[PDB]
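Asker: Dropping the structure in here first, questions after.
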Amino acid sequence: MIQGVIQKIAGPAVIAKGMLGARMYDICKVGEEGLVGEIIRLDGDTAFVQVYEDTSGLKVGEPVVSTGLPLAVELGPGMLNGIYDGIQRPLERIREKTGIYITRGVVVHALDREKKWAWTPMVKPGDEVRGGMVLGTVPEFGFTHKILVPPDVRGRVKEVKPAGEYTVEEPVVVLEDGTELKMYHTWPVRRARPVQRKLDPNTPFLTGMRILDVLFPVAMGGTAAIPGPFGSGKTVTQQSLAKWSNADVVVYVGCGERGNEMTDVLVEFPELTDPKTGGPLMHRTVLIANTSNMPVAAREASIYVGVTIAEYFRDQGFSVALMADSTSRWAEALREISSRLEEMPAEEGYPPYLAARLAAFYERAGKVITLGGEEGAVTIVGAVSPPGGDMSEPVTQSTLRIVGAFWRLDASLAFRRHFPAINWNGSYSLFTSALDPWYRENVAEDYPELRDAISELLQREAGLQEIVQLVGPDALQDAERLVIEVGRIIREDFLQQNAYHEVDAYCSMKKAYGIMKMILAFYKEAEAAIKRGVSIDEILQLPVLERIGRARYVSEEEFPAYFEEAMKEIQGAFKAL
Amino acid sequence: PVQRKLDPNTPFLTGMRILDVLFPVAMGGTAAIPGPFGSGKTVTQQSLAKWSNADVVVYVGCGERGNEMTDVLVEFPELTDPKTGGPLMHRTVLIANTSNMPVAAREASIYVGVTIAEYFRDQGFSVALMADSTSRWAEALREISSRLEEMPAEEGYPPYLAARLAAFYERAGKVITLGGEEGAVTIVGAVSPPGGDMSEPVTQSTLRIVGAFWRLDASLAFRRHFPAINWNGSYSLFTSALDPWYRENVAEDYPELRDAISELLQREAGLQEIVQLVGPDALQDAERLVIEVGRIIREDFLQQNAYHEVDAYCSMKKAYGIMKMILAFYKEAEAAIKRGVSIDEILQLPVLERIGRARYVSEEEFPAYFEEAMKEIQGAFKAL
Amino acid sequence: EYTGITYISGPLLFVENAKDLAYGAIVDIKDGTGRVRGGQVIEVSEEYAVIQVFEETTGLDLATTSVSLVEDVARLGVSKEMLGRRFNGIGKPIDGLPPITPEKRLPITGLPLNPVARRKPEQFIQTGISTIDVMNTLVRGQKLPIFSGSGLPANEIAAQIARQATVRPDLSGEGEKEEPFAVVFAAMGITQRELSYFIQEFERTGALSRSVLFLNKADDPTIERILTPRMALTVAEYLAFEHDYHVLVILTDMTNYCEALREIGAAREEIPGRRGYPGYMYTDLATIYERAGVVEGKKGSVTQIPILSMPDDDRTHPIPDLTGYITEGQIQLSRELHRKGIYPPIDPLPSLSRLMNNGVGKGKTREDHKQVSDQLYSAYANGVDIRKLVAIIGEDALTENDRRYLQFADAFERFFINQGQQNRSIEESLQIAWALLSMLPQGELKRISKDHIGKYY
Amino acid sequence: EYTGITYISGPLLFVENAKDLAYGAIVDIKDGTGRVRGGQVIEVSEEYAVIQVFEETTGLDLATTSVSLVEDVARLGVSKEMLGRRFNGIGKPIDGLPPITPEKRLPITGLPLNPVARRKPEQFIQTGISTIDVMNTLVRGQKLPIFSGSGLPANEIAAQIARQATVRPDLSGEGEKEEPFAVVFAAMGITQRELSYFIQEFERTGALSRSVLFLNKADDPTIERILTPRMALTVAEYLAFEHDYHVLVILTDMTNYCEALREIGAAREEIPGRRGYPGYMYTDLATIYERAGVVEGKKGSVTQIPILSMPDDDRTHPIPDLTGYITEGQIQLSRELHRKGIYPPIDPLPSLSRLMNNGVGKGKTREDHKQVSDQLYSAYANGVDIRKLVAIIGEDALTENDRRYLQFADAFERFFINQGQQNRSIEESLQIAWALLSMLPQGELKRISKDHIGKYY
Amino acid sequence: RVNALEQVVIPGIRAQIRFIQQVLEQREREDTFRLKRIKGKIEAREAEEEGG
Ligand SMILES: Nc1ncnc2c1ncn2[C@@H]1O[C@H](COP(=O)(O)OP(=O)(O)O)[C@@H](O)[C@H]1O
Ligand SMILES: Nc1ncnc2c1ncn2[C@@H]1O[C@H](COP(=O)(O)OP(=O)(O)O)[C@@H](O)[C@H]1O
């Protein structure tokens, strides 16, 4: 790195000097404490001092030391089960060495140098390795956590220690070069991981949400996004996402998430049933949450911090599932750069690095097979937080065209009885088209048929919806309340899913699939009931109708037979009347 | 200097039927005067100085144009003095501000007023201040911001918004002065929304730290609704500290029957929409009750000529007074028209016209029709 | 000593001769009239730096201007010694009673707290009223600011709590063994009428007791609108967390905040960002509001939920924007009811807090509650919904069933919000709820379960 | 090749002695590691110059920053040797095949030709569809816009009919001697997913074996992105315009065209006039729909096709306004259409090629097409009335004559418009219309003449 | 309704748009005002860099 001191003192960002080759985007050291800095601009010998955490204790002329390379995040076993800031720093150790509040200057290894993880070397001493290839099988609960050779560190193994217990610092694998392929490997964050090759997304992802995997699903590692006004459950709506749903590897990180909006999964995620390892989901989960009041710049680390961890696992063929708690806060920090940097304001009052850091970052990792052996994909969804909630905010469009299957969050939606609280129409999906393969077989060869003919109504029903807001049930004819109510119940019990209920929090195919038929029947029988002449009036108070709405609460176990019993009462308590 | 501040106590009523009756205020506190162009504001000050509550009379028309005060100023010399009889100048002083006064000659012209009120107040005399269109003065500072390169805030305006304003309101109020004698400094600023701009900040932040405000409908100003005030969006908080003097001199069954009247036009809206959507006839008997009720609750109350020797002045006697005349109709018409007879016969009631002199009647010879017809209400109408 | 002056004009100062200083330092400002001031060492520079005066530099001149670095970072007193005393924005004797010695001067700034100290606001309290203690139910550690317009019952009703605020241990499990109450009021631009009305609510409730506040009356310089907050929010962290005082603190007249906030946005040199307000506003309102939440390992929880007023019914106002996110939950106020009669007039059409749903219903409270609140919510929604279509098509035009929907709207609202000095206990609530739901038997109630549903039918 | 770099912003870089350079240039820059990147030549003033690094940025140092002068203006090599090649953004060999044979290094922007030469494009053209060839065809050189939805089946319906297109001079009375088929497609800001859905269509059936690719992902560098289109755009010219071949230019979501734009001004200081975008888009954008038309003497004509999505499907934005101003047509897609399953979900009147109304009929395509083209238009939409009026009276509640105008619409959207991947020859496409028209007894159509209907019908 | 629609409906929503609009178009206040000041800085910096 470079060796110098503070040249020109300034508010929270100062100006260092004696800087030579201080390449753009480089970690450094400032202040006689550890307020690590970053080269975020250059001017001959001086470089714009970057300060991550707030600075209220520093003087004119203090630490200024770079690296020479683009940062360096230390990846390796021992990162699981434990709190870690947007800088891979375990706050656990902080609370344990400081007190009740968060003291600065305290920074310890992000990997377990102390702890001895039973390492198992299977590298034949006499061959050449390549950054991205497996190094063995490490014990870490009900899952598999290999150790990738740091990329470009391709040399020639020469020895292999016994299968016992070796820390992420001890020699676990050696090569002919004076190097050692420990359980950990150094890798920059601003740079992605060279995988084997690019792969197509044809496998749908499931999380229990009957509004995604049902009709509005994405990919086994594609890209997506969902807004959220001031308090729209978007923060907590990340609980039953990785916990309930399957996720090769969970990775939660949020930009400046209001301490109170961040303490929603902090202790809850801990007691989460895990269908693979067993106990708390905290077995594979990383937890990279970042409170707002957190260093305004930490709010930035958070992101570029969870992006690479998702990769380090994905390459090995791990469909890492990362979710950003309100991706919008990153923006308030990112554009905040301008204020402190007096940079020529870009368009839309926001910074210029729109695409540069939007699409690049929003597509860094996504369903990619690599040297690992398996196919590692990446599914992440930043929930934009539009201040006024305005759907045309920089962050709204800025994410558009970039990530498919967009969704909207209304205000009275979740406040009322709708959950999830998203826009009906305003939320469409294009991945569901090629998402049929997996569905066709898993669900049924005609499933995309029973699901497309229904969306037919959910979106066609509007045909009347509109006239409704133009007159109401007054001039209703016979097809009228047909649809209206249909779609109506369809959202009260069919769409709204109590993610906070016993089991309903999750629903499989046979679950999602069946129900979508429950009503259908009535519809079918409704078509000949009223058409034959039956007055919708008695049709309205059909007791069996009340049965079709108690299907959401049923579990995958009871469900099967449960619905089939009413499927009979239907044609019977209708065709009759 | 004021020994110590003091809460609201003495009521403040200029002699306006509604203005006073609905949103009265005390010596401690202020209120703004909304209203685009032509909006009573610019000369209402000519309706609030002539006859009202207070001893001294001080008027500082901030950034007021020439004619927006031409007659106003010269008219004062014609006013009546409750003490001597001649123009109000026999105890008043003009602190007006001409539009053409430079920006700085307007951004201070006002501070002169309130600081005068205190001197007199500091001696134990209640002082009244009422600045017309304060949108002029504003602009004054509201502009200097551009001049010296100040850095604007919300909606293209200077950052020093309610900065001084807020404090100006505090000083306002009846406060025992460290001058031995308490006194009574009352403040009332008239914020004029240029283009009928409600969204206006001088209007949105003004009532952030102040008492209450009086919204003047631009449209209402048309049917001689002097003052061009409006209830739709007009509320009053100083109407909870004036009840003591209310039921103390006027009467006890007044501070209540009054409240029971606002509902008239209150509950009246919800009907109005459809009322105007279909026809003023598709209602049941109890429906038409408040149908043409409200119309009078104004026609002969809200609608007053600030220039009519009689009407132009209506104190509490004129208030509660006629305030009961209609009441009767309520209790009367509700059964009278409920006796099989349709209200139509009640619509011709030549007896209504008499109550129509509730404002055209001599402020002195007022109790002449008060009690007189008072009976004619519960009597002749006791038959149907 | 720093006399080498360079620039004076407004709450903004500038001076050279200071090649040493850090961010945030309390200095003084000797004037020519013999009137000194404080001043924070904002952004510092080599040759000179930026000064922060508290009050407006009236009759000040550079030549005779004198500053004095007193401290390198702010602190002020912080002991619970001065309980019940009166102070101002800053935080010093302004009531007449002689000064006193504190414990240790600490930066009331409001630094961030560990993730272990954060928790779930399950410890519900009695808000002395139903509206709250059911739908939103108070919770120590959460944040549900109060949206207001102008003149709205932001202050009047706010008091309803000053007389109807008390936890309900008996229902839960813990007893009144280790639960001290200590309030830390902090004003920022308050009227004159608003001054005494408040205090008079301290003598009738018994609030004037155990109160260590920093009142910032409106006539106070706008220097303390965002500054006092940090001062007060910290007089808690010391008695609440290390002394175990479950100290609940809330700010008033936060309508003036963003104003002082705004100034820095551009009146300084930085970029506004949005709606004419400082780019970093989000954060400046994070360290403050983030100082909310219960604490494990230490029985000391601070609940923050100030009250910001926004011109006209503006929900997208610069204020509610990030504040919504920031604050866990929220509460909304309607003018329509505060001008028609409904008093207290309070309605959270969109307010539905955050972690109010998890913290009551099983154990402490009554079995039925979890599905109840959610029940009442959509249950009512469907109602007023026709409040419009009604005023359009006709009067009775509508099916005989939904007729009930609207037929009850006026009911629920009129009645429910027709609360008064009513202490409304956690229970007195539940009841009413079951009394209004009775207008349509188990049929539309698709939120609660069949048992509970009839349970209180 | 100098050094001493002062003032660096993101992928920008300044360098002194810029009197050897000139705006409109680019050269590869090398920091310390000597890594070869790039940068455009802007503001070549006396003091310093302005360069824009190809990549994002990381890799610029203070010490070294020499630069290898590439060429004021660089341009890819043109030639007929590109009948399946593949390139991205800038357009560099990624298809694996050998660097394209450079014929002439023409500027990626040769600006418009002599306006006196330009002629009215009227050579009828099929696309393997009915509705998009009958009611609205596309004439050679005709720049036809396509209002798509930002998240609609666009990406698909795009490349779907892409290959379907097929020029038919035969029906006019000529061969394919001077009328060759050249397919050029260039996108930008594409998802890694989509970047793969594209490459698929070409490989399908003899598609890539006669076309070249170009598409700068949105995650890629923002520099080539903008120009990205201009590349093959300027290159198509050498095809139909230089040799007399027949090219088809097809834009793709100009979302990029503008997003990318913002950066240029956002840095260049280019103040954004309306809608927060550069006060000179019309112009710069104009130069776009100009590369299409015809000259006096040359039969070779390239047909131009714009295709983009709005922010929220707002035509008040530039993305739509601009086009809807220079483009000679209009063709959008509605949520409705597609919701029911219609594919391609393309409305009726809302979509239409302004200048395809003359290059059809006699001589061109199907003589009777003349009136056939304006038949199904006014006749079809006519039914769209009894389409939302069911709830009024009902099915049989309506007259026979007008009710009949109903069944048509349904059999029209479901079968007539939704034609998916099918490829209907220009002739197989015209028939359908007739077929549908049979609904109404010969004598109800007031659009076409009894002569034509009394035959084809 | 026709009538009404025509004087409250139609005109009700008409009048809305204007208010919005005029605020929306001027909204570009910050554009000029913010940027105006912006030039002075970027250039003052490059204007005082050629004088020092
Ligand atoms: N699945 C859900 N269903 C209903 N409410 C939810 C759901 N998830 C979260 N919420 C609620 O939404 C509230 C506000 O959203 P939050 O996530 O805190 O803000 P944001 O995500 O917008 O930044 C939470 O307080 C919680 O009560
Ligand atoms: N309250 C009032 N309402 C309507 N007109 C008034 C009122 N008071 C006075 N006027 C008449 O209208 C003139 C101007 O009214 P005012 O609203 O005071 O001025 P402005 O035009 O500035 O609104 C007065 O000089 C007088 O002739």
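Residue numbers start at 1 in each chain; chains themselves are named A, B, ... in the order of the structure tokens; ligands are numbered from 1 in the order shown.
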Would you mind listing, for every residue of chain B within 9 Å of ligand 2, the two atoms forming the shortest contact and the distance between them in Å to one decimal, using only C-alpha atoms and all ligand atoms, sorted by chain and ascending residue number, as a tab-separated table?
Answerer:
residue	atom	partner	partner_atom_place_in_ligand_line	distance
B:35	CA	ligand 2	23 (O)	6.6
B:36	CA	ligand 2	23 (O)	6.2
B:37	CA	ligand 2	23 (O)	4.3
B:38	CA	ligand 2	21 (O)	2.9
B:39	CA	ligand 2	23 (O)	3.3
B:40	CA	ligand 2	17 (O)	2.9
B:41	CA	ligand 2	18 (O)	4.2
B:42	CA	ligand 2	18 (O)	3.0
B:43	CA	ligand 2	18 (O)	3.0
B:44	CA	ligand 2	8 (N)	4.3
B:45	CA	ligand 2	18 (O)	7.2
B:46	CA	ligand 2	8 (N)	7.0
B:47	CA	ligand 2	8 (N)	6.5
B:64	CA	ligand 2	22 (O)	8.5
B:65	CA	ligand 2	22 (O)	8.7
B:67	CA	ligand 2	25 (O)	8.5
B:68	CA	ligand 2	22 (O)	5.9
B:69	CA	ligand 2	25 (O)	7.7
B:70	CA	ligand 2	25 (O)	8.9
B:71	CA	ligand 2	25 (O)	7.4
B:72	CA	ligand 2	25 (O)	7.0
B:132	CA	ligand 2	18 (O)	8.2
B:133	CA	ligand 2	22 (O)	7.0
B:192	CA	ligand 2	22 (O)	7.9
B:194	CA	ligand 2	22 (O)	8.9
B:216	CA	ligand 2	3 (N)	8.8
B:221	CA	ligand 2	4 (C)	5.4
B:222	CA	ligand 2	4 (C)	7.6
B:224	CA	ligand 2	4 (C)	6.8
B:225	CA	ligand 2	3 (N)	6.8
B:226	CA	ligand 2	3 (N)	4.5
B:227	CA	ligand 2	1 (N)	4.1
B:228	CA	ligand 2	3 (N)	5.1
B:229	CA	ligand 2	1 (N)	8.1
B:305	CA	ligand 2	1 (N)	8.7
B:306	CA	ligand 2	8 (N)	7.0
B:307	CA	ligand 2	9 (C)	8.7
Asker: Let's have the selection written as an mmCIF file, in the first residue's frame, with C-alpha atoms.
Answerer:
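What follows is the written file again02.cif:
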data_model
loop_
_atom_site.group_PDB
_atom_site.id
_atom_site.type_symbol
_atom_site.label_atom_id
_atom_site.label_comp_id
_atom_site.auth_asym_id
_atom_site.auth_seq_id
_atom_site.Cartn_x
_atom_site.Cartn_y
_atom_site.Cartn_z
ATOM 1 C CA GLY B 35 -57.706 34.918 0.232
ATOM 2 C CA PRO B 36 -56.506 35.459 -3.317
ATOM 3 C CA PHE B 37 -57.012 38.738 -5.080
ATOM 4 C CA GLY B 38 -60.009 40.889 -4.184
ATOM 5 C CA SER B 39 -60.271 38.646 -1.133
ATOM 6 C CA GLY B 40 -61.668 40.719 1.715
ATOM 7 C CA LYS B 41 -58.231 40.761 3.274
ATOM 8 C CA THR B 42 -56.732 43.911 1.804
ATOM 9 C CA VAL B 43 -59.496 46.025 3.238
ATOM 10 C CA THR B 44 -61.095 43.715 5.775
ATOM 11 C CA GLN B 45 -58.619 45.544 7.996
ATOM 12 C CA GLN B 46 -60.995 48.414 7.274
ATOM 13 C CA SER B 47 -63.710 46.183 8.739
ATOM 14 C CA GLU B 64 -49.319 46.897 0.768
ATOM 15 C CA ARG B 65 -49.754 48.499 -2.673
ATOM 16 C CA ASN B 67 -54.475 51.672 -3.915
ATOM 17 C CA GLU B 68 -54.706 48.430 -1.863
ATOM 18 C CA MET B 69 -54.581 51.021 0.924
ATOM 19 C CA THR B 70 -55.198 54.405 -0.730
ATOM 20 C CA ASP B 71 -58.695 54.897 0.599
ATOM 21 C CA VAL B 72 -58.014 52.554 3.495
ATOM 22 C CA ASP B 132 -52.931 42.972 5.673
ATOM 23 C CA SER B 133 -51.529 40.849 2.799
ATOM 24 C CA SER B 192 -52.656 36.791 1.601
ATOM 25 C CA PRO B 194 -51.475 35.630 -4.113
ATOM 26 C CA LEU B 216 -61.820 33.055 2.987
ATOM 27 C CA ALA B 221 -66.862 36.593 -1.807
ATOM 28 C CA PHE B 222 -69.297 36.950 -4.720
ATOM 29 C CA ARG B 224 -71.718 39.726 -0.785
ATOM 30 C CA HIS B 225 -70.578 37.085 1.628
ATOM 31 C CA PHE B 226 -68.726 39.819 3.571
ATOM 32 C CA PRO B 227 -66.590 38.514 5.088
ATOM 33 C CA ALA B 228 -65.490 36.120 2.297
ATOM 34 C CA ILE B 229 -64.831 33.576 5.027
ATOM 35 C CA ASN B 305 -72.472 44.508 4.932
ATOM 36 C CA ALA B 306 -69.345 45.807 6.662
ATOM 37 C CA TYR B 307 -70.549 49.227 5.526
#
Asker: Hey, which residues sit close to ligand 1? Say within 6 Å, counting only C-alpha atoms and all ligand atoms, and write them as a PyMOL selection string.
Answerer: (chain A and resi 228-237+261+326+414+419-420+499) or (chain C and resi 325+328-329+353-355)
Asker: Over all C-alpha atoms, paired in order, superpose chain D onto chain C by least squares and report how large the RMSD is in Å.
Answerer: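 Once chain D is overlaid on chain C, the RMSD is 2.5 Å.
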Asker: Within 10 Å of chain B, which residues of chain E show up when using only C-alpha atoms, listed as a list in words?
Answerer: residues 1, 3, 4, 5, 8, 23, 26, 27, 29, 30, 33, 34 and 37 of chain E
Asker: Just the residues within 12 Å of residue 195 (chain C), please, counting only C-alpha atoms, with nothing from its chain fewer than 2 positions along; format it as a ChimeraX atom specification.
Answerer: /B:5-8,170,209 /C:86,155,187-193,197-202,215-219,252-253
Asker: Could you tell me which residues of chain A sit within 10 Å of chain E when counting only C-alpha atoms, and give me the result as a count of residues only?
Answerer: 8
Asker: Quick one: everything within 7 Å of residue 82 (chain D), counting only C-alpha atoms, minus sequence neighbours fewer than 5 positions away in the same chain. Send it as a list in words.
Answerer: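 After dropping sequence-adjacent residues, the list is residues 100, 211 and 212 of chain D.
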Asker: Using only C-alpha atoms, find each residue in chain C having at least one atom no more than 9 Å away from chain E; report its shortest atom-to-atom pair and that distance in Å (one decimal), rows by chain then rising number, as JSON lines.
Answerer:
{"residue": "C:271", "atom": "CA", "partner": "E:34", "partner_atom": "CA", "distance": 8.7}
{"residue": "C:272", "atom": "CA", "partner": "E:34", "partner_atom": "CA", "distance": 8.8}
{"residue": "C:276", "atom": "CA", "partner": "E:30", "partner_atom": "CA", "distance": 8.8}
{"residue": "C:392", "atom": "CA", "partner": "E:1", "partner_atom": "CA", "distance": 8.9}
{"residue": "C:393", "atom": "CA", "partner": "E:1", "partner_atom": "CA", "distance": 8.8}
Asker: Write the selection just made, keeping N, CA and C atoms, as a PDB file, in the first residue's frame?
Answerer:
ATOM      1  N   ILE C 271     -25.718  19.024  -1.363  1.00  0.00           N
ATOM      2  CA  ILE C 271     -26.835  18.813  -2.257  1.00  0.00           C
ATOM      3  C   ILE C 271     -28.132  18.551  -1.514  1.00  0.00           C
ATOM      4  N   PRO C 272     -29.212  19.225  -1.922  1.00  0.00           N
ATOM      5  CA  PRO C 272     -30.527  19.061  -1.303  1.00  0.00           C
ATOM      6  C   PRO C 272     -30.894  17.592  -1.331  1.00  0.00           C
ATOM      7  N   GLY C 276     -36.361  19.539  -1.403  1.00  0.00           N
ATOM      8  CA  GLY C 276     -35.752  20.687  -0.773  1.00  0.00           C
ATOM      9  C   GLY C 276     -35.279  20.363   0.618  1.00  0.00           C
ATOM     10  N   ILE C 392     -72.616   8.511  -5.555  1.00  0.00           N
ATOM     11  CA  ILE C 392     -72.602   8.649  -7.007  1.00  0.00           C
ATOM     12  C   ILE C 392     -73.808   8.088  -7.723  1.00  0.00           C
ATOM     13  N   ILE C 393     -74.052   6.810  -7.470  1.00  0.00           N
ATOM     14  CA  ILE C 393     -75.139   6.100  -8.108  1.00  0.00           C
ATOM     15  C   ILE C 393     -76.498   6.552  -7.614  1.00  0.00           C
TER      16      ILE C 393
END
Asker: Need the shell around residue 547 (chain A): protein/DNA/RNA residues with any atom at most 9 Å away, counting only C-alpha atoms. Skip same-chain ones fewer than 4 positions apart. Format as a PyMOL selection string?
Answerer: chain A and resi 543+551+563+566
Asker: Would you mind listing, as a PyMOL selection string, all residues of chain C that have at least one atom within 10 Å of chain B, where only C-alpha atoms are what counts?
Answerer: chain C and resi 149-152+189-197+217-222+253+255-256+259-260+262-269+272+274-278+309-312+318+335-336+338-341+390-395
Asker: Can you tell me, as a PyMOL selection string, what residues are no more than 12 Å from residue 303 (chain B) when counting only C-alpha atoms, ignoring any on the same chain fewer than 4 positions away?
Answerer: chain B and resi 16-19+220-230+295-299+308+311-312+314+356+358-360
Asker: Residues of region 222-290 of chain B that have any atom at most 10 Å from an atom of region 328-333 of chain B: could you tabulate them with the shortest-distance atom pair and the distance in Å to one decimal, using only C-alpha atoms, ordered by chain and increasing number, as a Markdown table?
Answerer:
| residue | atom | partner | partner_atom | distance |
| --- | --- | --- | --- | --- |
| B:285 | CA | B:333 | CA | 9.6 |
| B:286 | CA | B:333 | CA | 9.1 |
| B:289 | CA | B:333 | CA | 7.4 |
| B:290 | CA | B:330 | CA | 8.2 |
Asker: Can I get the selected residues back with N, CA, C and O atoms, as a PDB file, in the first residue's frame?
Answerer:
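Saved to again.pdb:
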ATOM      1  N   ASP B 285     -89.609  14.242   4.886  1.00  0.00           N
ATOM      2  CA  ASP B 285     -89.883  15.456   5.647  1.00  0.00           C
ATOM      3  C   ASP B 285     -88.698  15.908   6.506  1.00  0.00           C
ATOM      4  O   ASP B 285     -88.210  17.032   6.344  1.00  0.00           O
ATOM      5  N   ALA B 286     -88.229  15.039   7.403  1.00  0.00           N
ATOM      6  CA  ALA B 286     -87.096  15.373   8.272  1.00  0.00           C
ATOM      7  C   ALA B 286     -85.860  15.738   7.445  1.00  0.00           C
ATOM      8  O   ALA B 286     -84.936  16.382   7.942  1.00  0.00           O
ATOM      9  N   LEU B 289     -85.737  19.311   6.314  1.00  0.00           N
ATOM     10  CA  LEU B 289     -85.598  20.098   7.512  1.00  0.00           C
ATOM     11  C   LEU B 289     -84.417  21.034   7.324  1.00  0.00           C
ATOM     12  O   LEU B 289     -84.599  22.222   7.084  1.00  0.00           O
ATOM     13  N   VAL B 290     -83.208  20.485   7.387  1.00  0.00           N
ATOM     14  CA  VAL B 290     -82.000  21.288   7.266  1.00  0.00           C
ATOM     15  C   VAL B 290     -81.711  21.616   5.824  1.00  0.00           C
ATOM     16  O   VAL B 290     -80.669  22.175   5.513  1.00  0.00           O
TER      17      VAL B 290
END
Asker: Do a neighbour search on residue 288 (chain D) at 12 Å with only C-alpha atoms, toss out local chain neighbours closer than 6 positions, and write the hits as a ChimeraX atom specification.
Answerer: /D:108-112,143,145,226-227,229-231,233-234,249-251,254,257,281-282,304-306,322-323,326-327
Asker: Write out the residues from the selection above, keeping C-alpha atoms, as a CSV table (one decimal), in the first residue's frame.
Answerer:
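As written to disk, again_39.csv reads:
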chain,number,residue,atom,x,y,z
D,108,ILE,CA,-20.4,4.7,-37.3
D,109,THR,CA,-22.4,7.8,-38.2
D,110,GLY,CA,-22.3,8.9,-41.8
D,111,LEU,CA,-25.2,11.2,-41.2
D,112,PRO,CA,-28.2,11.4,-43.6
D,143,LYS,CA,-39.2,3.5,-40.2
D,145,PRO,CA,-42.0,2.3,-34.3
D,226,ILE,CA,-25.1,4.3,-26.5
D,227,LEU,CA,-23.2,3.9,-29.7
D,229,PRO,CA,-26.9,0.7,-32.3
D,230,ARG,CA,-25.0,3.2,-34.5
D,231,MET,CA,-22.5,0.4,-35.2
D,233,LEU,CA,-26.7,0.8,-38.0
D,234,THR,CA,-24.1,2.6,-40.0
D,249,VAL,CA,-32.7,-2.4,-38.9
D,250,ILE,CA,-34.6,-3.2,-35.7
D,251,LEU,CA,-34.0,-1.2,-32.6
D,254,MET,CA,-34.4,2.6,-26.2
D,257,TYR,CA,-30.6,4.8,-25.5
D,281,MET,CA,-32.3,14.5,-27.8
D,282,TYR,CA,-34.7,15.2,-30.6
D,304,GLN,CA,-36.0,0.7,-40.2
D,305,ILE,CA,-37.9,-0.4,-37.0
D,306,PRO,CA,-37.9,1.2,-33.6
D,322,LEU,CA,-39.7,11.6,-29.7
D,323,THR,CA,-40.6,8.6,-31.7
D,326,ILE,CA,-40.3,11.2,-36.2
D,327,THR,CA,-41.6,7.6,-36.6
Asker: Considering only C-alpha atoms, state which residue in the set D:224, D:245, D:299, D:15 is at the smallest distance from residue 261 (chain D).
Answerer: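 Nearest candidate to residue 261 (chain D) out of D:224, D:245, D:299, D:15: D:224.
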Asker: Quick one: distance from CA of residue 81 (chain D) to CA of residue 140 (chain D) in Å, one decimal?
Answerer: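 CA of residue 140 (chain D) lies at a distance of 23.2 Å from CA of residue 81 (chain D).
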Asker: Output as a list in words all residues of region 299-399 of chain D that backbone DSSP marks as helix (DSSP H, G or I).
Answerer: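 Written out, the helix (DSSP H, G or I) residues of region 299-399 of chain D are residues 318, 319, 320, 321, 323, 324, 325, 326, 335, 336, 337, 338, 339, 369, 370, 371, 372, 375, 376, 377, 378, 379, 380, 381, 382 and 383 of chain D.
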